[PDB]
């Protein structure tokens, strides 16, 4: 298909089937970085992401849109033909739904033995009958993985937001698919990848869970955004706003304590010389440290705290609100937020390509396409005549 040559993934052909966040995020990331990516949508039901007024202009940029019944008669034929020149196919569905519909990995590989197939589901491609075919949702994946129970406040768990598990799961699929693609270069044989959202999230939540698994205790939840184990780390309130800080290092602790009224604790058996990180539970003075830290910070502005903390080499930052990002000097200097044109000629604002590749940078070359916009071009590209396409459309098997 016509598109500029750019990025590390120029020339790669990626196809995805899925809706909403997790699967499409995985597929579209290839498009950020130069791949030819085809978004498959159902003929009767467009991707529900399109209900949102602005997000999809970002989350579906740089894509080609195919609308095809990939499971029925000529529609299935056209889909399996497409696979013959596809490098990576990503699909998100409820367990082994593709196999139940007659599109097994084996059938995909009959059409392209080199194909890298990524299956993204809530609970995996196999397991028990009770869980395997259950719906995939971000909240459920967080609930089921131990991630949710570690988020929120001491007496109020909550999910990480927004839809954190969908992003982790999608990104993992992209990563895994690129890894499998590497192996195809050497062997000429494809791969199938079983990405279960709860397993992705299990891994992301191990920092303290590893203690529980190996004889120790699970950590508590944060109290008002303060770290559950490390004093002076996390979220604090100043006079005119919130900050985060990380009270780490020998001099940092000594100088900070001088400021807040706790110079007398330095050199004690509880906070001995050379202490570089305070554990709030193990240290009897943990609660006192927080009382004095809170009191000192509450009488100072963010600007004052940042100025002192810079003098003391204490890591910190203002908690930015969304309205403060666009004018922030680092954002401006790095063009972190940019603008592009939608397919219907309106200006859209949003994040630039990340990360920044030096030799082969990504770029935004196309706005989000409409439902079935590229169907005719795609089918022509894989050998369908104009009459064939008109016939697919008349049968209800494709939408142009």
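Residue numbers count along the first chain shown, from 1. We call the rigid core whatever largest set of C-alpha positions still superposes within 1.5 Å between the two forms.
- Between stretches 228 to 236 and 263 to 271, the one whose Cα atoms sit farther from the displayed model in 4 other deposited structures of this protein on average is 263 to 271 (core-aligned, root mean square).
- Greater average departure of CA atoms from the shown form, over structures and residues in 4 other deposited structures of this protein after a core fit, characterises 299 to 307 among 299 to 307 and 190 to 198.
- In this entry, 35 to 43 shows the higher mean Cα temperature factor of the pair 35 to 43 and 22 to 30.
- Once the C-alpha B-factors are averaged per stretch, 181 to 189 and 68 to 76 rank with 181 to 189 first.
- Set against one another, the Cα B-factors of 259, 91, 246, 166 in the record reach their highest point at 259.
- Annotation for 173, 293, 196, 231: 293 ranks highest, by Cα B-factor.
- When the modelled residues of the chain are ordered by C-alpha B-factor, residue 345 sits in the highest third.
- Ranked within its chain, residue 201 lands in the lowest third, by CA B factor from the PDB record.
- In this PDB entry, residue 312 carries a Cα temperature factor that places it within the highest third of its chain's modelled residues.
- Per-chain ranking of the deposited C-alpha B factor places residue 101 in the highest third.
- Residue-level temperature factors show residue 279 in the highest third of its chain, judged at the C-alpha atom.
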